[PDB]
């Protein structure tokens, strides 16, 4: 049975970049609901599965992808954020970024562009491409999770659902993106990255 992870920190710990109200709603309402609906959906899917009811199995897919994906994505996102965050990565991950994108600031420009470019709801990602052995930026619609839908390993996600920023930044997604760089947990991203070098 899945459950809602606690944050590594207090709801106000990312101010002023992400205010407390958004963090509270985002965690305790949006993510909580994903977990609840995921549990429901998985239980329904097992019943369908046991019965070899393929029509029901297929009818359950939108809910599983949306809620399952929301659970995966948000779980990663809190670990990707930290009051102790911001600045620049160092060591191999910084070397990898320079190698694959030219430099850190070119990387930021590219992930910003992928995130601002989502028309509708979705996520921008820095991922790791296992078969190519290098970093890769991708954007995902709605709650479609990166690994499940692209095969890429998620390292850093930027939520660009309106609920992630609207109470603070209103319609100006690029101010949100500028501010979020101050709370990125590069320690976590580096752990995710080093886990890929196996």
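Residue numbers count along the first chain shown, from 1.
Relative to its counterpart among 139-147 and 164-172, 164-172 has the higher mean temperature factor, C-alpha atoms as listed in the PDB entry. Stretch comparison (76-84 versus 122-130) by mean CA B-factor in the PDB entry places 76-84 on top. When the C-alpha B-factors of 152, 50, 63, 58 are ranked from the entry, the top spot goes to 50. Placement of the Cα temperature factor of residue 67 within the chain: lowest third of the modelled residues, per the deposited record. In this PDB entry, the Cα temperature factor of residue 42 sits in the middle third of its chain's modelled residues.
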